[PDB]
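Everything on this sheet refers to the single structure shown next.
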Protein chains: 2
Amino acid sequence: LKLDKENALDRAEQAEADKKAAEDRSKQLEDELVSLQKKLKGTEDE
Amino acid sequence: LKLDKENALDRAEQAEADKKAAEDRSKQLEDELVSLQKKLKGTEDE
(Lines give C-alpha, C1' and ligand atoms only; values in the text may rest on other atoms or scores of the structure.)
Protein backbone atom coordinates (compact mmCIF):
# COMPACT_ATOMS: atom_id res chain seq x y z
CA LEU A 1 0.00 0.00 0.00
CA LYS A 2 0.83 3.68 -0.07
CA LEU A 3 1.13 3.31 3.64
CA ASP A 4 3.76 0.67 3.40
CA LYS A 5 5.75 2.78 1.04
CA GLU A 6 5.08 5.83 3.08
CA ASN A 7 6.30 4.11 6.19
CA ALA A 8 9.30 2.61 4.44
CA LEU A 9 9.88 5.97 2.83
CA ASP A 10 9.54 7.69 6.13
CA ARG A 11 12.22 5.33 7.30
CA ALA A 12 14.28 6.10 4.20
CA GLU A 13 13.50 9.78 4.16
CA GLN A 14 14.11 10.12 7.79
CA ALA A 15 17.22 8.03 7.36
CA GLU A 16 18.30 10.52 4.66
CA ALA A 17 17.37 13.34 7.08
CA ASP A 18 19.33 11.43 9.71
CA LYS A 19 22.13 11.14 7.22
CA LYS A 20 21.94 14.83 6.89
CA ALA A 21 22.01 15.12 10.66
CA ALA A 22 24.68 12.41 11.02
CA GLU A 23 26.64 14.07 8.29
CA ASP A 24 26.12 17.38 9.98
CA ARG A 25 27.46 15.84 13.11
CA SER A 26 30.35 14.16 11.38
CA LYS A 27 31.27 17.06 9.15
CA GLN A 28 31.01 19.36 12.14
CA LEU A 29 33.13 16.97 14.14
CA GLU A 30 35.64 16.80 11.32
CA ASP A 31 35.58 20.63 11.26
CA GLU A 32 36.02 20.41 14.97
CA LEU A 33 38.75 17.83 14.68
CA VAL A 34 40.34 20.53 12.71
CA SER A 35 39.40 23.13 15.29
CA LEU A 36 40.57 20.84 18.05
CA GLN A 37 43.72 19.86 16.24
CA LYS A 38 44.23 23.50 15.34
CA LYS A 39 43.57 24.56 18.89
CA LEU A 40 45.72 21.62 20.09
CA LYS A 41 48.44 22.99 17.85
CA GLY A 42 47.41 26.45 18.93
CA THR A 43 48.28 25.24 22.41
CA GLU A 44 51.31 23.25 21.16
CA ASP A 45 52.69 26.34 19.42
CA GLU A 46 51.96 28.27 22.56
CA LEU B 1 3.59 2.24 -4.28
CA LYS B 2 3.34 -1.57 -4.07
CA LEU B 3 7.07 -2.16 -4.42
CA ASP B 4 7.97 1.10 -2.87
CA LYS B 5 7.74 -0.29 0.56
CA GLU B 6 10.55 -2.53 -0.68
CA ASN B 7 12.38 0.13 -2.62
CA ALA B 8 12.06 2.44 0.32
CA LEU B 9 12.96 -0.31 2.73
CA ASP B 10 16.10 -0.94 0.71
CA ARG B 11 16.48 2.81 0.40
CA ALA B 12 16.15 2.94 4.16
CA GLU B 13 18.71 0.23 4.50
CA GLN B 14 21.04 2.26 2.32
CA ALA B 15 20.07 5.60 3.84
CA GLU B 16 20.54 4.06 7.25
CA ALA B 17 23.81 2.57 6.05
CA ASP B 18 24.86 6.07 5.03
CA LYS B 19 23.49 7.83 8.09
CA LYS B 20 25.28 5.11 9.97
CA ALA B 21 28.46 5.64 8.07
CA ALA B 22 28.09 9.33 8.80
CA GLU B 23 27.13 8.49 12.40
CA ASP B 24 29.99 6.05 12.72
CA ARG B 25 32.14 8.86 11.48
CA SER B 26 30.45 11.08 14.01
CA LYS B 27 31.36 8.59 16.72
CA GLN B 28 34.91 8.12 15.43
CA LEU B 29 35.29 11.83 15.01
CA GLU B 30 33.74 12.24 18.44
CA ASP B 31 36.44 9.94 19.79
CA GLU B 32 39.09 11.86 17.88
CA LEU B 33 37.69 15.20 18.95
CA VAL B 34 37.75 14.03 22.49
CA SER B 35 41.21 12.59 22.03
CA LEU B 36 42.29 15.90 20.53
CA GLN B 37 40.54 17.67 23.37
CA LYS B 38 42.36 15.54 25.89
CA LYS B 39 45.57 16.23 24.04
CA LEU B 40 44.57 19.89 23.66
CA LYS B 41 44.02 20.04 27.36
CA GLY B 42 47.17 18.07 27.77
CA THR B 43 48.85 20.93 25.89
CA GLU B 44 46.63 23.64 27.44
CA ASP B 45 47.31 22.50 30.96
CA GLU B 46 50.90 22.16 29.87
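For the C-alpha coordinates, the naming scheme is as follows: chains receive sequential letters (A, B, ...) according to their order of presentation, residues are indexed from 1 within each chain, and ligands are indexed from 1 in presentation order.
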
Using only C-alpha atoms, which residues of chain A come within 7 Å of chain B, and what is the closest atom pair for each, with the distance in Å to one decimal? Give it as a Markdown table, sorted by chain and residue number.
```
| residue | atom | partner | partner_atom | distance |
| --- | --- | --- | --- | --- |
| A:1 | CA | B:2 | CA | 5.5 |
| A:2 | CA | B:1 | CA | 5.2 |
| A:4 | CA | B:5 | CA | 5.0 |
| A:5 | CA | B:5 | CA | 3.7 |
| A:8 | CA | B:8 | CA | 5.0 |
| A:9 | CA | B:8 | CA | 4.9 |
| A:11 | CA | B:12 | CA | 5.6 |
| A:12 | CA | B:12 | CA | 3.7 |
| A:15 | CA | B:15 | CA | 5.1 |
| A:16 | CA | B:15 | CA | 5.3 |
| A:18 | CA | B:19 | CA | 5.7 |
| A:19 | CA | B:19 | CA | 3.7 |
| A:22 | CA | B:23 | CA | 4.8 |
| A:23 | CA | B:22 | CA | 5.0 |
| A:25 | CA | B:26 | CA | 5.7 |
| A:26 | CA | B:26 | CA | 4.0 |
| A:29 | CA | B:29 | CA | 5.6 |
| A:30 | CA | B:29 | CA | 6.2 |
| A:32 | CA | B:33 | CA | 6.8 |
| A:33 | CA | B:33 | CA | 5.1 |
| A:36 | CA | B:36 | CA | 5.8 |
| A:37 | CA | B:36 | CA | 6.0 |
| A:39 | CA | B:40 | CA | 6.7 |
| A:40 | CA | B:40 | CA | 4.1 |
| A:43 | CA | B:44 | CA | 5.5 |
| A:44 | CA | B:43 | CA | 5.8 |
```

### Summary
Residual all-Cα deviation (RMSD) between chain A and least-squares-fitted chain B, paired in order, is 1.8 Å
